[PDB]
Trainee: 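If you scroll down you'll find the structure; I have some questions about it.
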Amino acid sequence: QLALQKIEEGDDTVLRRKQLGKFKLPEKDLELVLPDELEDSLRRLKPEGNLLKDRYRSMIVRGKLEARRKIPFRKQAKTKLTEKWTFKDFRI
Amino acid sequence: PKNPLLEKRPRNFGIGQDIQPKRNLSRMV
Amino acid sequence: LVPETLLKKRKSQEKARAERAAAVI
Amino acid sequence: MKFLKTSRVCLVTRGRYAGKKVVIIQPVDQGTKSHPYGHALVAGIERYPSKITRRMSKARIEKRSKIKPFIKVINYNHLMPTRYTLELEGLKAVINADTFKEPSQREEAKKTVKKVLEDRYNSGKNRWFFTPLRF
Amino acid sequence: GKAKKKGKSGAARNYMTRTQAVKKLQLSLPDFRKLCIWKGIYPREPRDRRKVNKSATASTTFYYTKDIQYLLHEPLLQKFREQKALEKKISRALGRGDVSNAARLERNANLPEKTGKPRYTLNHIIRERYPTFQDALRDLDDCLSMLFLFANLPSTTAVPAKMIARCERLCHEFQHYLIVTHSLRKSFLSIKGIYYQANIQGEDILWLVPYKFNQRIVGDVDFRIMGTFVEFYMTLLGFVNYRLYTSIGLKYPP
Amino acid sequence: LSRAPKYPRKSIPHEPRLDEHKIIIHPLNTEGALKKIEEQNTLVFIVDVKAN
Amino acid sequence: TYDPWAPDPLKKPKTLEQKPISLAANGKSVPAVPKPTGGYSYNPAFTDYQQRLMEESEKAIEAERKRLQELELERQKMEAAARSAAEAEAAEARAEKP
Amino acid sequence: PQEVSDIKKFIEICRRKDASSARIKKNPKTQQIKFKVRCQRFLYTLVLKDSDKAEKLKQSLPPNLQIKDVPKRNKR
RNA sequence: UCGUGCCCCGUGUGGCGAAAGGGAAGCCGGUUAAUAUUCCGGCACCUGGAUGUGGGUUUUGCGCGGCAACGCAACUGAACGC
């Protein structure tokens with residue numbers, strides 16, 4: 001029974017539970033035209049998805065880099081403002 | 001609305017009570 | 001639970017998130 | 001006057017649960033044949049809910065707000081009574097002497113105690129009962 | 001004989017964190033990430049991360065100690081230090097008012113905004129990463145997708161306009177090679193773009209080209225590390241184009 | 001910075017000072033070695049004093 | 001010009017020869033550009049479009065069912081907390097030789 | 001050296017992959033029999049009464065594992 | 001991401017100095033002309049490393065029992081302290 005228990009290309013659609021980086025990669029954006037939104041010409045075609053995000057997700061999934069989030073503000077060095085000696089000793 | 005599970009713990013930095021905070025000691029470096 | 005309405009709502013939040021991310025001396 | 005009554009909050013001072021806070025479910029002053037001394041049937045908290053700050057995610061808050069309870073027959077000599085009182089309607093006759101004699105009733109009793117204590121903790125009241133004692 | 005100490009061998013010597021790696025290489029974080037992308041240093045995962053570092057979390061990045069020691073001998077570190085010193089000299093010249101000296105030192109900086117090429121030459125990196133032209137042709141799928149995507153983007157500080165025009169030039173040269181050799185096989189108009197499949201020297205190459213519209217740059221991508229990928233793939237495609245044109249006996253560049 | 005010398009101080013790297021021909025000198029021909037051969041499957045050699 | 005393919009470590013380590021980590025659930029290597037399916041075409045076949053539509057429809061249905069169940073759980077938790085708080089207020093009001 | 005008081009545990013120990021050999025020691029003065037199996041770390045001994053069932057236990061032991069009877073003299 | 005920085009901490013400073021001080025862990029039998037807790041046979045232990053299996057814990061997420069002294073084959077734990 002134990003032996004039987006031991007006996008018993010990748011896809012971007014479903015991923016492993018363990019993350020690689022600051023967060024786990026979310027599910028992809030929905031890439032499908034709704035039946036209202038079908039058009040009859042190449043001219044009226046509505047492109048779907050973002051190819052920058054597609055290539056970035058491809059890199060993260062293939063493991064060439066880890067998933068990180070953007071840092072919009074960095075913590076500034078704590079400083080104290082003082083007046084210069086010449087401006088202190090200016091006399092008029 | 002704020003979660004009621006939050007509470008405040010003010011620290012009084014007088015003598016004998018809780019530890020003094022990290023102040024600017026540049027005058028005494 | 002209309003699937004067309006659910007998919008349209010999902011696409012609406014997706015496009016909203018995409019646009020919101022892309023946007024005296 | 002009597003103060004080891006129902007809903008009295010006490011501190012466990014001996015055993016594995018030393019330092020934990022309990023509420024009295026049923027006081028037996030006269031004693032039992034199994035316990036020929038003044039004792040009580042109590043329910044309490046073994047693992048207190050963790051600290052929550054303002055910037056934390058709701059999933060982490062819901063994970064850290066869990067409470068691990070326990071039920072116990074405890075001697076009066078191993079209890080330190082408190083002036084606080086925790087009146088909970090869900091704890092009325094949840095455990096008895098027969099509860100500790102067979103295992104299964106202990107886990108459904110602990111499930112009931114966990115549910116009622118988590119409801120009271122999410123209410124935000126009786127904060128002293130859920131903050132752990134520091135000794 | 002002498003008793004070993006705990007934590008002095010095993011995974012603790014096999015792995016190091018990103019902090020220990022940047023402290024070992026004495027690099028800034030952008031330079032370290034850029035060099036890792038260029039040299040193919042990949043993140044790793046120990047079985048027990050606490051054995052490597054007691055402060056490691058689930059977001060901690062690990063690398064191989066031998067990979068970092070291999071990075072330690074890269075000639076581009078000297079180039080980074082030389083460029084930092086040259087920028088200090090340019091700032092000194094501008095602060096003292098030597099405009100002619102500032103221009104003369106700036107023409108040695110080899111800026112992407114004026115050359116259209118990467119700031120640092122990756123020619124020695126290309127041969128190390130691709131021992132064979134077959135490996136180059138096999139990574140051409142990602143290379144062509146990356147460059148055809150960045151051929152249609154507005155200018156940023158990471159990827160300037162001359163660099164984008166160079167990417168367009170390389171894509172057009174590759175397209176002319178395919179037209180002349182009749183190597184294009186399949187094409188597909190999907191909802192996201194146009195798929196092209198060509199056959200070069202027995203290798204099937206499938207890549208995706210966006211429709212010519214305003215492509216949206218979102219904040220969910222690391223555009224600067226994407227730009228480093230652009231530099232690497234540009235340097236690769238230049239050599240691939242030269243080899244293909246010389247193989248079919250044409251003058252490169254056209 | 002690490003050292004990046006303009007000239008090597010030693011032009012030729014020296015050969016392995018303790019190689020295997022210097023490690024193994026000769027076996028032992030005494031009765032202790034000859035007894036150990038048949039009773040212990042053990043060969044006794046005289047080796048270099050610096051070899052581990 | 002320069003043409004490739006024609007003590008410093010000139011030998012690359014085997015650690016670099018190790019393949020990168022794949023985040024795929026099956027553990028296999030994901031291609032850089034996966035081959036598209038006919039349902040992703042701009043003018044797709046009817047069967048492929050219906051298959052993709054029903055897959056996304058059932059995914060949306062189960063996701064909405066999950067979020068409604070979670071909302072029900074949260075509102076039951078808030079109601080239980082409110083009832084316990086009301087009971088606490090009522091309790092405080094009533095307290096005020098061998 | 002460890003003594004195994006369970007026949008099931010002795011069966012799993014004998015079916016373990018590290019079991020190099022096993023041997024039979026018969027003490028007629030004590031009317032006992034000892035099954036000793038040699039593993040990587042421990043030598044495991046099962047003590048039974050001298051009986052036909054004890055002799056039959058050799059058949060239920062694995063056939064791959066070598067079993068030898070201890071002679072009267074431990075000849076060097 | 002103003003991408004070429006920021007944060008935390010204090011306690012100082014290295015080496016030598018004991019075959020009687022402190023200290024991780026080996027016993028029995030046999031064997032030589034001369035060595036043996038060192039060789040040989042059997043039976044073990046310690047230190048460190050890597051990684052499996054079994055078992056354990058978990059939908060009440062991080063064990064259970066005893067009034068208690070405490071017990072049981074396991075039964076999360078960084079900084080900083082006692």
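Hydrogens, waters and symmetry mates are skipped; everything else that's a heavy atom, side chains included, is used. Throughout, a chain's letter reflects where its sequence line sits, starting with A, and its residues are numbered from 1.
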Trainee: Mind checking the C1' distance from I:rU31 to I:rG15? Whole angstroms is fine.
Mentor: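 Pairwise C1' distance, I:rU31 against I:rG15, rounds to 48 Å.
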
Trainee: According to side chain to side chain donor-acceptor pair (under 3.5 Å), who are the partners of E:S55, at least two apart in sequence or on a separate chain?
Mentor: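 Per chain and number, E:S55 pairs via side chain to side chain donor-acceptor pair (under 3.5 Å) with E:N53.
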
Trainee: State yes or no: are the ring centers of E:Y15 and E:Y64 separated by less than 6.0 Å?
Mentor: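 Yes: the rings meet the under 6.0 Å criterion.
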
Trainee: Got a sec, which residues hit ring pair (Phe, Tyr, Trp, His ring centres under 6.0 Å) with E:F62, two or more places apart in sequence or on another chain?
Mentor: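 Counting only residues at least two positions away or on another chain, E:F62 forms no ring pair (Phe, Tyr, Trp, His ring centres under 6.0 Å).
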
Trainee: Partners of D:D119 by side chain to side chain donor-acceptor pair (under 3.5 Å), sequence neighbours excluded?
Mentor: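 Per chain and number, D:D119 pairs via side chain to side chain donor-acceptor pair (under 3.5 Å) with no residue.
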
Trainee: Classify the ring geometry between D:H39 and D:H35 as parallel (under 30°), tilted (30 to 60°) or perpendicular (over 60°).
Mentor: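 Judged by the thresholds at 30° and 60°, the geometry between D:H39 and D:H35 is tilted.
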
Trainee: Give every pair of a protein N or O atom and an N or O atom of nucleotides 51-53 of chain I that lie under 3.5 Å apart, one pair per line with the distance.
Mentor:
unit_1: I:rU51; atom_1: OP2; unit_2: E:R47; atom_2: NE; d: 2.6
unit_1: I:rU51; atom_1: OP2; unit_2: E:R47; atom_2: NH2; d: 3.3
unit_1: I:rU51; atom_1: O5'; unit_2: E:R47; atom_2: NE; d: 3.4
unit_1: I:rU53; atom_1: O3'; unit_2: A:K6; atom_2: NZ; d: 3.3

Trainee: Taking the six-membered ring for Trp, are E:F150 and E:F223 ring centroids under 6.0 Å apart?
Mentor: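 Yes: the rings meet the under 6.0 Å criterion.
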
Trainee: Quick check against the 3.5 Å criterion: does E:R13 have a side-chain atom that pairs as donor or acceptor with the backbone of E:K8?
Mentor: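 It does not hold such a pair.
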
Trainee: What is the distance, to the nearest angstrom, from the OH atom on E:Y120 to the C1' atom on I:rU4?
Mentor: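 So the two atoms are 10 Å apart, to the nearest Å.
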
Trainee: Compare side-chain N and O positions of E:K51 against OP1 and OP2 of I:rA50 and report whether any pair is under 4.0 Å apart.
Mentor: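 Indeed, a polar side-chain atom of E:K51 lies that close.
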
Trainee: Can you find a side chain N or O atom of E:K2 that sits less than 4.0 Å from OP1 or OP2 on I:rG23?
Mentor: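 Indeed not, no polar side-chain atom of E:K2 lies that close.
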
Trainee: Would you measure the distance from the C1' atom in I:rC9 across to the matching atom in I:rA78 and give it in whole Å?
Mentor: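 My reading of the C1' atoms in I:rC9 and I:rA78 gives 15 Å.
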
Trainee: Give, ordered by number, those residues of residues 20-37 of chain D having at least one heavy-atom distance below 4.0 Å to an atom of RNA chain I; if nothing qualifies, reply none.
Mentor: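 Those residues whose heavy atoms fall under 4.0 Å from RNA chain I, taken from residues 20-37 of chain D in numerical order, are D:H35, D:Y37.
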
Trainee: Distance check, P atoms only: I:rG22 and I:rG42, in whole angstrom units.
Mentor: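 So the two P atoms sit 37 Å from each other.
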
Trainee: In whole Å, what is the span from the CZ atom of D:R16 to the P atom of I:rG71?
Mentor: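 The distance from CZ of D:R16 to P of I:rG71 comes to 13 Å, rounded to the nearest Å.
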
Trainee: Please enumerate all residues that pass side chain to side chain donor-acceptor pair (under 3.5 Å) together with D:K66, with sequence neighbours excluded.
Mentor: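 Side chain to side chain donor-acceptor pair (under 3.5 Å) list for D:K66, sorted by chain: D:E62.
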
Trainee: Given atom NZ of A:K75 and atom P of I:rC2, what is their separation to the nearest angstrom?
Mentor: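 Rounding to the nearest Å, NZ of A:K75 and P of I:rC2 are 15 Å apart.
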
Trainee: Is H:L43 touching bases, backbone alone, or none of the nucleic acid, heavy atoms closer than 4.0 Å?
Mentor: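 Answer is sugar-phosphate: H:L43 comes under 4.0 Å of backbone atoms only.
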
Trainee: Please produce a list of atom pairs where a protein N or O lies less than 3.5 Å from an N or O of nucleotides 75-82 of chain I.
Mentor:
unit_1: I:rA79; atom_1: OP1; unit_2: E:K54; atom_2: NZ; d: 2.8

Trainee: Please, which pairs that meet side-chain hydrogen bond (donor to acceptor under 3.5 Å, both in side chains) have at least one residue in residues 36-45 of chain F, sequence neighbours excluded?
Mentor: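 Only F:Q40-F:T42 qualify under side-chain hydrogen bond (donor to acceptor under 3.5 Å, both in side chains).
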
Trainee: Distance check needed: I:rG5 P versus E:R18 CZ, whole Å only.
Mentor: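 To the nearest whole Å, that distance equals 16 Å.
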
Trainee: Just call it for D:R106: base, sugar-phosphate, or nothing, with non-hydrogen atoms closer than 4.0 Å on any strand.
Mentor: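 If one applies the 4.0 Å heavy-atom cut-off, D:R106 turns out to touch the sugar-phosphate alone, with no base involved.
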
Trainee: Any side-chain N or O of D:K68 below 4.0 angstrom from OP1/OP2 of I:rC64?
Mentor: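 For I:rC64, OP1/OP2 do have a side-chain N/O of D:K68 under 4.0 Å.
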
Trainee: Strictly by modelled atom types, are D:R120 and G:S84 linked by a side-chain donor-acceptor pair under 3.5 Å?
Mentor: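 On atom types as modelled, these side chains qualify, holding a pair under 3.5 Å.
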
Trainee: Does anything in residues 14-27 of chain D form a side-chain hydrogen bond (donor to acceptor under 3.5 Å, both in side chains)? List the pairs, not counting sequence neighbours.
Mentor: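 Found none.
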
Trainee: To the nearest Å, give me how far apart CZ (D:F100) and P (I:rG66) are.
Mentor: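 Checked: the CZ to P distance equals 8 Å.
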
Trainee: Do any of residues 5-20 of chain H sit with a heavy atom less than 4.0 Å from RNA chain I, and if so which?
Mentor: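 Those residues: none at all.
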
Trainee: Which pairs, protein N/O on one side and nucleotides 35-41 of chain I N/O on the other, fall under 3.5 Å?
Mentor:
unit_1: I:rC39; atom_1: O2'; unit_2: F:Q40; atom_2: NE2; d: 2.8

Trainee: Taking side chain to side chain donor-acceptor pair (under 3.5 Å) as the definition, give me every residue that meets it alongside D:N122, ordered by chain and number, with sequence neighbours left out.
Mentor: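 D:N122 satisfies side chain to side chain donor-acceptor pair (under 3.5 Å) with no residue once adjacent residues are dropped.
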
